[PDB]
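Worksheet for the structure shown next.
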Amino acid sequence: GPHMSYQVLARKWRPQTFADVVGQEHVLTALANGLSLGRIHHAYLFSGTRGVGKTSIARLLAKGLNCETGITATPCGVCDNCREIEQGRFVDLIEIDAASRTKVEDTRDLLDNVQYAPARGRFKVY
Amino acid sequence: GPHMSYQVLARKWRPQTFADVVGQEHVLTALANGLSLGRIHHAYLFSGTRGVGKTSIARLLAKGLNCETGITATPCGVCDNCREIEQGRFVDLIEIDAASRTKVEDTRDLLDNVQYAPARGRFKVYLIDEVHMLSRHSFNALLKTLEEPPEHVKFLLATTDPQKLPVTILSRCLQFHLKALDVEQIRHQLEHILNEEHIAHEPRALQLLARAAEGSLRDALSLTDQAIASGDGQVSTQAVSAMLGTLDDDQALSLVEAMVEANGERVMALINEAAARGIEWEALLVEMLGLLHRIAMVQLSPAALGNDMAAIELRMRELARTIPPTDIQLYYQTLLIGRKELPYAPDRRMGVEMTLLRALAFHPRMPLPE
Amino acid sequence: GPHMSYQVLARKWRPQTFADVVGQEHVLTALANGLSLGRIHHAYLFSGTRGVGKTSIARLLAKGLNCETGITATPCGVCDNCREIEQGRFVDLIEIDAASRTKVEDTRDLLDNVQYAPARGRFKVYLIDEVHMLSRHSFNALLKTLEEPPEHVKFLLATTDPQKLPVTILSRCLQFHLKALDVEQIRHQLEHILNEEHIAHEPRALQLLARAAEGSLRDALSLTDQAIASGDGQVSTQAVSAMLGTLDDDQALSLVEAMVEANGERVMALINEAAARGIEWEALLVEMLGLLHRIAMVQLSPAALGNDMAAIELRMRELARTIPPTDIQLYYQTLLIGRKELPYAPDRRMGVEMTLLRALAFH
Amino acid sequence: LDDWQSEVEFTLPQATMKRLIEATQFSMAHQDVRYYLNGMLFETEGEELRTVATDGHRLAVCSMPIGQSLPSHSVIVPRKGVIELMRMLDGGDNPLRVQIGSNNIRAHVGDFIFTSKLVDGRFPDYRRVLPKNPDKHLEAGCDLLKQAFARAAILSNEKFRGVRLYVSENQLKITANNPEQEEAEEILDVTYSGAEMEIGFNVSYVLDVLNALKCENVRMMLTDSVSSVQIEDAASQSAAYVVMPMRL
Amino acid sequence: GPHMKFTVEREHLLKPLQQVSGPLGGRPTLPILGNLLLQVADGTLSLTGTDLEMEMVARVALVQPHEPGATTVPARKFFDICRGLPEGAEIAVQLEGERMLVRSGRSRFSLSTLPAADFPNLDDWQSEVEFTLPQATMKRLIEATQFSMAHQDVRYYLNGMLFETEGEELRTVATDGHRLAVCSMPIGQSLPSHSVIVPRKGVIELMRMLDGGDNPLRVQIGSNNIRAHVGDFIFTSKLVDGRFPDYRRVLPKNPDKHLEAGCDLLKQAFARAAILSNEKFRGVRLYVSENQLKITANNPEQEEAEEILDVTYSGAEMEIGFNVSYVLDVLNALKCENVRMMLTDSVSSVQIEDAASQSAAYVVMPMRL
Amino acid sequence: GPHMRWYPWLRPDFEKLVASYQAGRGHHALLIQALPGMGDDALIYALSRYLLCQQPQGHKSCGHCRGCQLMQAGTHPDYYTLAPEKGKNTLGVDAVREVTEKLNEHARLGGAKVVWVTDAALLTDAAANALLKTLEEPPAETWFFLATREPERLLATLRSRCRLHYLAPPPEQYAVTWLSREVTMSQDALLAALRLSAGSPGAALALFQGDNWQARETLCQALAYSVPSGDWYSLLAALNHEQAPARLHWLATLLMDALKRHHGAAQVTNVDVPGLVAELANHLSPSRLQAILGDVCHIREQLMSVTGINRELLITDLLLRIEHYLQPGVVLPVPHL
Ligand SMILES: Nc1ncnc2c1ncn2[C@@H]1O[C@H](COP(=O)(O)OP(=O)(O)O)[C@@H](O)[C@H]1O
Ligand SMILES: Nc1ncnc2c1ncn2[C@@H]1O[C@H](COP(=O)(O)OP(=O)(O)O)[C@@H](O)[C@H]1O
Ligand SMILES: Nc1ncnc2c1ncn2[C@@H]1O[C@H](COP(=O)(O)OP(=O)(O)O)[C@@H](O)[C@H]1O
Ligand code: BEF
Ligand code: BEF
Ligand code: BEF
Ligand SMILES: [Mg+2]
Ligand SMILES: [Mg+2]
Ligand SMILES: [Mg+2]
Ligand SMILES: [Zn+2]
Ligand SMILES: [Zn+2]
Ligand SMILES: [Zn+2]
Ligand SMILES: [Zn+2]
């Protein structure tokens with residue numbers, strides 16, 4: 001009946017595991033082996049069509065790149081580092097919606113941030 | 001000469017009691033059921049052709065929600081907030097010209113002011129009329145509030161074409177559709193209104209205006225006020241017809257019957273006496289085309305003729321029995337072409353006369369001898 | 001002094017009272033009765049072809065509506081408000097050319113304006129002309145102010161063609177279809193004007209000018225100015241005939257009789273001669289169409305001869321006798337489609353040559 | 001190029017011209033549809049120079065004697081011309097030789113030369129705009145009114161800053177509401193000898209009029225809850241103002 | 001809810017609101033950043049202005065029975081109403097639940113309220129150094145160090161001032177391109193060694209609010225939070241991290257040429273040379289000879305400026321280009337009539353100290369003209 | 001070019017068109033209809049020079065004054081030109097808007113206030129309706145001018161305000177004589193140039209001094225191989241030079257001359273290629289010839305009207321359709337509707 005009224009399916013079913021991501025295995029395998037081997041690039045861009053997984057894969061990459069277990073291709077999803085992102089509040093993760101932020105002042109504000117070390121994670125994710 | 005009268009029947013006789021909304025039984029039934037049972041959705045989308053009552057129904061529901069308390073099914077007596085709603089004094093009733101807020105920043109501004117509920121009322125209602133012209137980013141912006149808004153804010157969106165706006169918004173809460181009013185209901189409304197204003201009315205004029213109104217009471221009322229202006233506070237058949245400009249459909253009927261009967265002299269007589277009547281040749285051609293489509297229509301079902309056509313239904317039946325479909329289509333093609341090149345004819349009368357004479361010369365049975 | 005005291009007839013003889021308007025009794029009567037009886041609508045949409053009077057009827061309506069002597073169907077014309085509205089310097093009659101003010105900035109400006117009080121007249125009226133090309137955003141923003149305005153706001157819409165209006169915009173305003181002016185009305189108004197201005201004329205040239213301008217009095221006056229600019233400030237049959245380049249029935253009938261008998265060489269020589277004299281080709285085609293129409297009439301009933309001129313009606317009678325109705329219909333259709341395609345033809349003369357040579361197809 | 005002869009010649013103190021322009025400048029139209037509004041009317045008659053500005057919702061008339069016999073003349077100077085005229089003349093130098101021709105205006109101020117072209121057309125008359133039978137009158141100190149309206153304008157609507165005046169024998173009241181459903185209300189002690197009346201103004205024009213009025217005591221004249229107001233110096237008649245009210 | 005009551009005189013209310021206006025408004029990204037926080041503590045009202053990195057608190061003394069509580073109100077509208085009211089009229093302020101009622105004289109106003117949206121701990125310092133720097137000390141220090149610091153610079157740490165407390169003295173340093181400033185103020189207190197970087201905007205806010213050369217001030221400086229108690233009021237700012245160059249490595253560069261003499265004469269000469277200085281390469285040439293200085297400028301306008309000054313010198317003939325603006329700021333902030341100038345090389349930093357005392361020193365890296 | 005070029009046969013018309021302004025009865029508007037390169041531009045320029053000149057000499061402009069000295073420098077403050085920018089082709093609402101908003105101010109030099117639209121057909125209909133008010137009721141001492149190859153394509157309203165003055169092309173012999181004095185070659189080429197250009201001597205000059213003439217020759221030679229062999233496709237390279245309208249017009253003129261040769265007519269346009277005309281008549285059937293001519297004209301219209309259409313695809317389809325039609329057993333189209 002009132003199912004999902006608490007948590008819309010989109011929000012409720014945000015993939016916290018790579019096995020929870022149906023499709024995009026071509027990208028999932030690449031990300032997993034890149035994390036395990038260490039071929040991590042300074043920047044990653046994903047292209048998709050609305051509800052394709054871009055935020056999901058980006059947040060999963062944030063979990064796997066700064067988990068308490070280390071840089072792991074299989075995040076636990078239960079550690080403090082993982083649960084901080086899962087709830088939504090991670091200090092070293094800065095999620096930005098560019099639709100409402102097209103100005104240069106705020107972009108420069110984040111530009112200043114690019115320099116300091118991460119507060120809790122291993123790397124700063126923008 | 002001078003005065004303080006008039007109220008513009010359009011601006012006067014809008015429903016404000018749920019008893020003046022003519023037709024649209026589906027939406028009124030749904031709204032009454034929802035209000036009485038207390039189930040109210042967060043977004044309302046009234047669609048339909050122009051001049052039907054979507055804005056009036058929106059005002060109806062908005063004042064039915066906030067009217068000196070009481071969850072009524074619209075009837076609300078001595079309701080202050082309702083009387084300011086019908087008086088143009090906004091009371092938690094925010095009409096928005098969506099064309100002035102197409103950009104996503106404007107709709108974001110619309111979003112951030114959603115918390116201002118307690119303003120001499122319980123619900124604040126938003127009327128984003130012509131909602132199909134919002135930008136995609138604005139659609140997305142308002143979608144977040146669409147799925148889970150505050151309890152006290154109700155969205156009521158009005159649009160003409162639901163096809164244009166995105167599917168997700170279409171599906172969100174509800175989509176009601178108002179059909180075009182039949183000419184019979186238009187007749188009733190015009191008769192009732194002109195009765196209310198102690199003004200006489202000939203039923204022929206009422207039927208003429210009802211058919212001339214494309215199923216929209218606002219068209220019907222504009223035309224009816226034009227008819228009242230053309231006369232002197234009285235609507236009459238000849239004044240109404242001279243206002244529309246439509247000739248005697250019996251004159252056109254005699255003309256097409258003569259064309260069928262292949263008597264060119266009678267055709268010339270009819271066309272010149274119609275010229276003396278000061279009627280538009282384009283109008284003559286389009287009325288003859290309407291009659292030709294009607295005589296093709298009766299070939300498939302007797303019910304083709306409307307109620308008014310009871311005057312000339314017998315001649316329709318006789319022509320339908322007499323003339324085979326191929327000849328009807330030949331005449332229709334000839335006259336449709338003739339209308340297509342009417343603007344390029346040396347004179348409108350010249351072109352119409354030539355088109356009729358051509359339909360005579362290319363007569364399937366008895367053409368003009370060489 | 002040197003400020004050009006002269007004004008063009010197309011504007012000097014603009015209507016100034018409801019008794020000065022040529023024709024359109026079907027709308028003048030309605031407007032005057034609405035003014036008198038006390039029924040005035042807040043949005044009027046006058047629609048019609050060029051040069052039939054939408055702006056003039058609207059301006060007369062404005063003159064009447066905010067006259068200080070009550071609200072009468074007959075503006076006094078001597079007061080202030082009448083004088084400024086006639087001059088167009090009145091604050092409360094605002095002229096908006098919808099081609100310019102179509103961006104949302106200008107529409108928002110207008111909607112801001114409508115909320116205030118008037119300045120000098122009873123009613124502040126927006127004469128929006130060429131409304132049929134407001135951008136969709138402008139119309140959707142204008143819906144509210146066109147539907148339920150304040151007490152002292154009335155709108156006067158002028159459009160060249162109702163088709164481009166969003167139909168919802170049509171439905172909220174009061175439509176007035178200004179009929180195209182009949183040739184008799186145009187010729188009588190021209191006679192009255194030219195007699196008034198002490199200008200010599202003759203009725204024949206008036207009929208030619210009325211025929212040339214397809215039901216547009218402003219067009220009639222434009223052609224009048226063209227006809228008086230050339231020909232020592234007078235209107236004469238030779239002057240208007242040269243100005244239009246029109247041709248007598250003899251030459252057009254020579255063309256149709258050569259083409260109906262498949263005399264291609266004669267047809268092309270006639271076209272060459274016509275080009276040498278430099279006629280207007282559309283005029284040639286309309287004359288051919290008229291002759292074919294008359295031939296068809298004669299074929300139908302012998303009573304309707306060619307008697308308006310009846311100079312070479314022997315040829316018309318013979319051609320009708322000797323040609324089946326079908327062939328004349330084909331000739332008319334061919335010439336007519338060709339006439340439709342003159343602008344698309346690379347040249348006017350060659351377009352007429354195409355049309356005639358195609359008419360030469362039948363044997 | 002040969003210079004244009006002038007049909008209107010006079011000379012003005014800088015104080016007089018500055019006062020006139022400050023009195024009427026905020027009262028002229030910007031890019032308004034009516035072309036003859038986007039400017040300032042400089043009427044001259046007898047020994048008096050009069051200045052008129054309007055935008056369809058406002059009217060500033062400022063009359064100052066000159067002492068020089070002058071013909072009855074009218075002229076409109078557009079937005080840019082008068083703005084850079086006010087910019088041009090600022091010092092205390094007496095020379096203000098103003099020349100009005102048929103198509104252009106030139107004011108000589110010492111070593112600086114003013115130049116602009118007049119807006120062709122005839123301005124509407126202001127006397128037809130000022131109400132002719134003001135049957136309600138009010139009086140108050142200028143600074144009290146100005147400070148009151150500035151204070152009440154804080155929480156009004158943004159784009160159009162509407163305020164409501166309730167004028168009665170007991171006192172004067174002004175209120176303001178905004179899209180944020182915020183209320184502001186305040187009271188002033190003006191001397192009135194009439195009944196209750198409700199009118200709706202825009203605080204922007206009222207505040208501008210009060211700011212540029214520059215007097216001690218001010219008198220308001222009123223006729224109806226829709227007709228025009230006539231605000232004037234309670235101690236002089238050299239400047240009058242009108243604010244066509246607002247529909248609610 | 002709790003409700004609040006105030007009867008606060010306008011004049012004693014304006015200065016706090018006017019002061020805290022720094023971290024208020026200015027394109028508020030959130031409905032909570034552009035608003036001021038009021039709270040009642042015993043017999044004081046705290047006004048908090050926040051912009052997520054600078055928190056300014058003003059303590060209005062309460063003299064009347066005032067209902068306790070806290071709220072958030074639009075800062076700009078509150079400031080405007082408190083300023084426009086007649087002088088000396090006590091304002092009566094009440095919390096009408098979701099609304100904020102404020103009355104004065106014959107005027108009434110209502111405000112929209114936010115219950116609790118900016119109430120975290122808001123601050124946490126380390127306080128390595130807690131010097132009671134008196135007013136006049138940091139007054140001259142900051143006016144002599146601010147200059148025109150880094151704008152758009154990639155080196156973030158160069159934006160904020162470097163504070164280093166050692167022994168009895170605090171040295172304040174600032175690097176920006178060519179220019180560099182330092183002041184060694186003798187606090188006189190036995191103080192621990194500490195090094196810190198403060199944001200430039202925080203510095204300008206502190207200097208602007210500072211004023212009033214009489215009261216000793218409490219400065220608590222940590223590694224991420226700095227607090228300054230300017231008499232009645234409190235300010236707090238974040239702290240920029242390290243990577244700053246050492247002033248002990250940029251100030252002492254073994255100067256070998258020494259010069260002296262008037263500072264205001266140099267100011268006039270520099271201003272007159274700036275007229276004909278290179279408009280694209282801001283800076284003029286300085287010819288240095290024994291007990292003589294010559295200043296020359298050649299702008300693209302083909303105008304040559306030359307002046308001669310009596311500046312003591314016992315070194316070798318030299319030709320050093322320099323930015324006129326940087327050195328003019330040096331002279332203006334030196335607040336002295338005579339200065340000392342040490343030259344090293346045409347591509348090595350040039351020092352300029354106060355001839356009055358060693359307390360003020362500066363560096364300008366020379367120009368190549 | 002520099003002040004364009006006066007044309008000798010234009011002198012009568014101007015005289016008439018200045019009389020209406022000497023008497024002061026001049027209609028403010030004027031819609032000059034004249035063929036491209038006919039010389040209407042010089043007429044409008046000379047008119048405006050007479051109008052804005054402070055001292056109008058009898059049938060001349062000034063002789064000596066500043067009022068038209070600023071005209072010669074092309075910097076008069078009243079004289080406005082409305083032409084699309086060199087990088088564009090449609091005259092926007094913005095330029096007409098600026099001109100009409102600056103018209104309401106008085107005349108700077110105390111004279112007239114003359115406007116000019118360089119080419120009216122290029123006016124976007126929105127610009128036409130923005131200029132409608134200015135044309136119908138201009139302020140005092142305001143005049144206008146316009147130039148059109150044809151008036152019928154203009155908006156129904158804009159011409160209704162204006163007088164439709166016409167520039168008759170000079171008599172055939174006079175035009176031939178003038179062109180012979182200017183350009184030297186065989187009279188067959190000159191007659192082809194005049195008849196192709198509908199009588200515009202300036203357009204004949206543009207054809208000669210322009211490369212197209214040689215390209216025209218090329219086309220003839222190409223057809224000299226195509227029609228005897230039924231191989232039209234090889235015409236592609238000849239008909240693609242961004243001049244597809246003009247080249248298709250030349251092809252249609254040739255086909256017109258062939259159809260004329262069937263119904264033997266004394267005069268035909270192409271007189272430099274009589275052998276080509278005879279061959280075209282010989283190989284091609286009259287019904288096929290008329291269908292092909294109709295297709296040629298249709299394709300030329302499609303190319304001229306819609307910009308951004310692909311020329312190569314259109315011409316290739318045209319040539320393939322023609323090749324198909326030359327095959328026996330095909331059904332040819334007929335114009336209708
Ligand atoms: N590849 C995917 N596998 C599983 N769920 C998905 C996938 N793509 C989208 N989703 C669903 O949609 C929701 C939002 O996905 P998201 O990745 O944020 O889309 P976007 O690309 O537009 O940012 C997720 O919570 C998830 O439920
Ligand atoms: N169902 C209806 N019942 C009564 N009056 C109606 C109805 N529909 C239209 N009208 C008349 O038309 C006028 C305007 O109707 P409106 O609701 O604006 O139509 P629209 O759907 O096109 O906006 C009303 O004032 C009313 O008189
Ligand atoms: N009904 C009419 N009666 C008299 N003159 C007319 C009429 N209609 C048009 N005219 C003439 O046409 C000129 C322009 O008329 P106008 O009313 O502007 O037409 P429009 O509807 O196209 O704006 C007028 O100056 C007048 O001379
Ligand atoms: F819709 Be997604 F988050 F781009
Ligand atoms: F809103 Be309706 F189309 F008049
Ligand atoms: F020329 Be009109 F206004 F159609
Ligand atoms: Mg996303
Ligand atoms: Mg509606
Ligand atoms: Mg008009
Ligand atoms: Zn984890
Ligand atoms: Zn109710
Ligand atoms: Zn009057
Ligand atoms: Zn000259």
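We name chains A, B, ... following the order of the structure tokens; residues begin at 1 in each chain, and ligands are numbered from 1 as shown.
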Could you pull out the residues in range 4-209 of chain D that DSSP calls strand (DSSP E) from the backbone, as a PDB file with C-alpha atoms, in the first residue's frame?
```pdb
ATOM      1  CA  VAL D   8      13.512  80.562 -27.614  1.00  0.00           C
ATOM      2  CA  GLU D   9      16.435  82.335 -25.933  1.00  0.00           C
ATOM      3  CA  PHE D  10      16.963  82.773 -22.217  1.00  0.00           C
ATOM      4  CA  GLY D  39      11.487  62.983 -22.335  1.00  0.00           C
ATOM      5  CA  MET D  40      10.884  66.213 -20.474  1.00  0.00           C
ATOM      6  CA  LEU D  41       8.575  69.057 -21.496  1.00  0.00           C
ATOM      7  CA  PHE D  42      10.001  72.568 -21.062  1.00  0.00           C
ATOM      8  CA  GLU D  43       7.110  75.035 -21.243  1.00  0.00           C
ATOM      9  CA  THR D  44       7.767  78.765 -21.043  1.00  0.00           C
ATOM     10  CA  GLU D  45       5.259  81.569 -20.622  1.00  0.00           C
ATOM     11  CA  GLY D  46       5.422  85.106 -19.302  1.00  0.00           C
ATOM     12  CA  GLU D  47       8.387  85.211 -16.939  1.00  0.00           C
ATOM     13  CA  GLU D  48       7.903  81.598 -15.823  1.00  0.00           C
ATOM     14  CA  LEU D  49       9.690  78.419 -16.896  1.00  0.00           C
ATOM     15  CA  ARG D  50       7.663  75.252 -16.299  1.00  0.00           C
ATOM     16  CA  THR D  51       8.826  71.644 -16.522  1.00  0.00           C
ATOM     17  CA  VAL D  52       6.571  68.619 -17.015  1.00  0.00           C
ATOM     18  CA  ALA D  53       7.382  64.917 -16.821  1.00  0.00           C
ATOM     19  CA  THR D  54       5.093  61.891 -17.039  1.00  0.00           C
ATOM     20  CA  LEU D  59       3.487  63.596 -13.117  1.00  0.00           C
ATOM     21  CA  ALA D  60       5.967  66.215 -11.965  1.00  0.00           C
ATOM     22  CA  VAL D  61       5.350  69.875 -12.769  1.00  0.00           C
ATOM     23  CA  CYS D  62       7.818  72.490 -11.556  1.00  0.00           C
ATOM     24  CA  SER D  63       7.306  76.199 -12.225  1.00  0.00           C
ATOM     25  CA  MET D  64       9.859  78.888 -11.438  1.00  0.00           C
ATOM     26  CA  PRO D  65       9.749  82.604 -12.299  1.00  0.00           C
ATOM     27  CA  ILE D  66      12.577  83.939 -14.429  1.00  0.00           C
ATOM     28  CA  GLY D  67      11.683  87.615 -14.674  1.00  0.00           C
ATOM     29  CA  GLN D  68      12.226  87.575 -18.454  1.00  0.00           C
ATOM     30  CA  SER D  69       9.270  88.046 -20.792  1.00  0.00           C
ATOM     31  CA  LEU D  70       9.099  84.815 -22.770  1.00  0.00           C
ATOM     32  CA  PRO D  71       6.794  83.501 -25.503  1.00  0.00           C
ATOM     33  CA  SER D  72       4.481  80.545 -25.015  1.00  0.00           C
ATOM     34  CA  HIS D  73       6.555  77.610 -26.252  1.00  0.00           C
ATOM     35  CA  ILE D  76      10.463  67.781 -25.360  1.00  0.00           C
ATOM     36  CA  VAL D  77      14.054  66.756 -24.608  1.00  0.00           C
ATOM     37  CA  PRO D  78      14.647  62.972 -24.556  1.00  0.00           C
ATOM     38  CA  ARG D  97      22.296  80.400 -22.163  1.00  0.00           C
ATOM     39  CA  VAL D  98      19.497  78.061 -23.267  1.00  0.00           C
ATOM     40  CA  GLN D  99      18.480  78.066 -26.936  1.00  0.00           C
ATOM     41  CA  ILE D 100      15.420  76.174 -28.179  1.00  0.00           C
ATOM     42  CA  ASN D 104      17.290  70.760 -31.236  1.00  0.00           C
ATOM     43  CA  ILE D 105      18.273  72.330 -27.915  1.00  0.00           C
ATOM     44  CA  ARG D 106      21.588  73.840 -26.837  1.00  0.00           C
ATOM     45  CA  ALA D 107      22.556  75.104 -23.388  1.00  0.00           C
ATOM     46  CA  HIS D 108      25.834  77.000 -23.112  1.00  0.00           C
ATOM     47  CA  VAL D 109      27.470  76.666 -19.688  1.00  0.00           C
ATOM     48  CA  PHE D 112      30.846  73.446 -22.106  1.00  0.00           C
ATOM     49  CA  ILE D 113      28.251  73.131 -24.875  1.00  0.00           C
ATOM     50  CA  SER D 116      20.647  67.097 -28.228  1.00  0.00           C
ATOM     51  CA  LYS D 117      17.691  66.698 -30.583  1.00  0.00           C
ATOM     52  CA  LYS D 136     -10.055  66.345   0.390  1.00  0.00           C
ATOM     53  CA  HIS D 137      -6.919  67.889   1.864  1.00  0.00           C
ATOM     54  CA  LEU D 138      -4.108  66.670   4.104  1.00  0.00           C
ATOM     55  CA  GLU D 139      -1.052  68.304   5.657  1.00  0.00           C
ATOM     56  CA  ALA D 140       2.147  67.011   7.248  1.00  0.00           C
ATOM     57  CA  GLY D 141       5.817  67.798   7.651  1.00  0.00           C
ATOM     58  CA  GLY D 162       2.693  48.797  -3.751  1.00  0.00           C
ATOM     59  CA  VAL D 163       1.510  50.402  -0.515  1.00  0.00           C
ATOM     60  CA  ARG D 164      -1.971  51.165   0.802  1.00  0.00           C
ATOM     61  CA  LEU D 165      -3.001  54.498   2.334  1.00  0.00           C
ATOM     62  CA  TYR D 166      -5.931  54.661   4.759  1.00  0.00           C
ATOM     63  CA  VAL D 167      -6.639  58.366   5.249  1.00  0.00           C
ATOM     64  CA  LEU D 172      -3.044  58.592   8.426  1.00  0.00           C
ATOM     65  CA  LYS D 173      -2.092  54.941   7.985  1.00  0.00           C
ATOM     66  CA  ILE D 174       0.086  53.128   5.463  1.00  0.00           C
ATOM     67  CA  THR D 175       0.453  49.368   5.033  1.00  0.00           C
ATOM     68  CA  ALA D 176       2.566  47.118   2.828  1.00  0.00           C
ATOM     69  CA  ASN D 177       2.507  43.441   1.864  1.00  0.00           C
ATOM     70  CA  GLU D 183       2.902  42.524   6.807  1.00  0.00           C
ATOM     71  CA  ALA D 184       4.034  46.049   7.613  1.00  0.00           C
ATOM     72  CA  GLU D 185       1.827  48.800   9.016  1.00  0.00           C
ATOM     73  CA  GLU D 186       2.410  52.247  10.431  1.00  0.00           C
ATOM     74  CA  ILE D 187       0.656  55.397  11.603  1.00  0.00           C
ATOM     75  CA  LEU D 188       1.232  59.116  11.074  1.00  0.00           C
ATOM     76  CA  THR D 191      -4.379  66.847  10.324  1.00  0.00           C
ATOM     77  CA  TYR D 192      -7.478  65.712   8.438  1.00  0.00           C
ATOM     78  CA  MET D 197     -10.773  56.781   2.464  1.00  0.00           C
ATOM     79  CA  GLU D 198      -8.695  53.917   1.068  1.00  0.00           C
ATOM     80  CA  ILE D 199      -6.233  54.414  -1.803  1.00  0.00           C
ATOM     81  CA  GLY D 200      -3.400  52.376  -3.258  1.00  0.00           C
ATOM     82  CA  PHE D 201      -0.106  53.982  -4.289  1.00  0.00           C
ATOM     83  CA  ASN D 202       3.363  52.805  -5.269  1.00  0.00           C
TER      84      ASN D 202
END
```
| said: For ligand 7, return the neighbouring residues as a count of residues only (distance at most 8 Å; only C-alpha atoms and all ligand atoms). | reply: 6
| message | Within 9 Å of ligand 11 (counting only C-alpha atoms and all ligand atoms), which residues show up? I'd like them as number ranges by chain. | response | B: 63-70, 72, 74-83
Show which residues sit within 7 Å of range 275-282 of chain C, as a CSV table (one decimal) with N, CA and C atoms, in the first residue's frame. Count only C-alpha atoms, and ignore same-chain residues fewer than 2 positions away.
```csv
chain,number,residue,atom,x,y,z
C,245,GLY,N,-1.2,49.3,-67.3
C,245,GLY,CA,-0.8,48.6,-68.5
C,245,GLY,C,-1.9,47.6,-69.0
C,246,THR,N,-3.1,47.8,-68.7
C,246,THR,CA,-4.2,46.9,-69.0
C,246,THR,C,-4.4,46.9,-70.5
C,271,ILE,N,2.6,37.2,-78.4
C,271,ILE,CA,3.3,37.4,-77.1
C,271,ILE,C,4.5,38.3,-77.3
C,272,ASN,N,5.2,38.1,-78.4
C,272,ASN,CA,6.3,38.9,-78.8
C,272,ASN,C,5.9,40.4,-78.9
C,273,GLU,N,4.8,40.6,-79.6
C,273,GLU,CA,4.3,42.0,-79.8
C,273,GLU,C,3.9,42.6,-78.4
C,284,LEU,N,-2.6,40.1,-68.9
C,284,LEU,CA,-3.0,39.3,-70.0
C,284,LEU,C,-3.7,38.0,-69.5
C,285,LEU,N,-3.2,37.4,-68.5
C,285,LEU,CA,-3.9,36.2,-68.0
C,285,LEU,C,-5.3,36.4,-67.5
C,286,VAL,N,-5.5,37.5,-66.7
C,286,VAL,CA,-6.8,37.8,-66.2
C,286,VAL,C,-7.8,38.1,-67.4
C,339,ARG,N,-1.3,31.1,-64.1
C,339,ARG,CA,-1.4,32.3,-63.4
C,339,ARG,C,-1.0,32.2,-61.9
C,348,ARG,N,8.5,36.7,-65.6
C,348,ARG,CA,7.0,36.8,-65.9
C,348,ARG,C,6.7,36.4,-67.3
C,349,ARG,N,7.4,37.0,-68.3
C,349,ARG,CA,7.1,36.7,-69.7
C,349,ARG,C,7.3,35.2,-70.0
C,352,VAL,N,4.4,33.2,-68.5
C,352,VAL,CA,3.2,33.2,-69.4
C,352,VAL,C,3.5,32.3,-70.7
```
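Residues of protein, DNA or RNA lying at most 8 Å from ligand 6, when only C-alpha atoms and all ligand atoms are considered, are residues 47, 48, 49, 50, 51, 52, 53, 54, 55, 129, 130, 158, 159, 160 and 218 of chain C; 157, 160 and 161 of chain F.
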